[PDB]
Every structure is written in C-alpha cells, then in structure tokens.
Amino acid sequence: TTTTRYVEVXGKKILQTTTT
C-alpha cells in the first residue's frame, strides 16, 4: 500500500498511486 499495485475492483482491477 504505497507503490504501484493492482487491487481487485469493479470485478476486475485498478491501478493505485496513493500515499500517506
């Protein structure tokens, strides 16, 4: 939960690029 990952969403996936 920091780098470029691909979580399962909308019954598929999606790229993330959020940070804390």
# chains A, B, ... in the order shown; residues from 1 in each chain; ligands from 1
$ select_by_dssp --residues "chain A" --states "strand (DSSP E or B)" --output "PDB file with C-alpha atoms, in the first residue's frame"
ATOM      1  CA  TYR A   6      -3.391  -3.545  -8.841  1.00  0.00           C
ATOM      2  CA  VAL A   7      -6.239  -4.136  -6.419  1.00  0.00           C
ATOM      3  CA  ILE A  14      -7.350  -0.974 -10.985  1.00  0.00           C
ATOM      4  CA  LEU A  15      -4.051   0.832 -10.555  1.00  0.00           C
TER       5      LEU A  15
END
$ residues_around --residues "residue A:17" --least-positions-apart "2" --cutoff "8 Å" --atoms "only C-alpha atoms" --output "list in words"
residues 2, 3, 4, 5, 15 and 19 of chain A
$ write_last_selection --atoms "N, CA, C and O atoms" --output "PDB file, in the first residue's frame"
ATOM      1  N   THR A   2       1.525   1.485  -1.131  1.00  0.00           N
ATOM      2  CA  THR A   2       2.391   2.643  -1.273  1.00  0.00           C
ATOM      3  C   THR A   2       2.903   2.752  -2.712  1.00  0.00           C
ATOM      4  O   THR A   2       2.936   3.841  -3.282  1.00  0.00           O
ATOM      5  N   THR A   3       3.290   1.607  -3.256  1.00  0.00           N
ATOM      6  CA  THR A   3       3.799   1.561  -4.616  1.00  0.00           C
ATOM      7  C   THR A   3       2.654   1.336  -5.606  1.00  0.00           C
ATOM      8  O   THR A   3       1.484   1.422  -5.238  1.00  0.00           O
ATOM      9  N   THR A   4       3.032   1.052  -6.844  1.00  0.00           N
ATOM     10  CA  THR A   4       2.053   0.814  -7.890  1.00  0.00           C
ATOM     11  C   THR A   4       1.548  -0.629  -7.830  1.00  0.00           C
ATOM     12  O   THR A   4       2.264  -1.557  -8.206  1.00  0.00           O
ATOM     13  N   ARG A   5       0.321  -0.774  -7.354  1.00  0.00           N
ATOM     14  CA  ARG A   5      -0.287  -2.089  -7.238  1.00  0.00           C
ATOM     15  C   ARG A   5      -1.586  -2.146  -8.043  1.00  0.00           C
ATOM     16  O   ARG A   5      -2.036  -1.132  -8.576  1.00  0.00           O
ATOM     17  N   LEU A  15      -5.360   0.386 -11.003  1.00  0.00           N
ATOM     18  CA  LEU A  15      -4.051   0.832 -10.555  1.00  0.00           C
ATOM     19  C   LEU A  15      -4.224   1.931  -9.506  1.00  0.00           C
ATOM     20  O   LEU A  15      -5.160   2.727  -9.583  1.00  0.00           O
ATOM     21  N   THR A  19      -0.677   7.778  -1.396  1.00  0.00           N
ATOM     22  CA  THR A  19       0.319   7.705  -0.341  1.00  0.00           C
ATOM     23  C   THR A  19      -0.215   8.345   0.942  1.00  0.00           C
ATOM     24  O   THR A  19      -1.244   9.019   0.921  1.00  0.00           O
TER      25      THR A  19
END
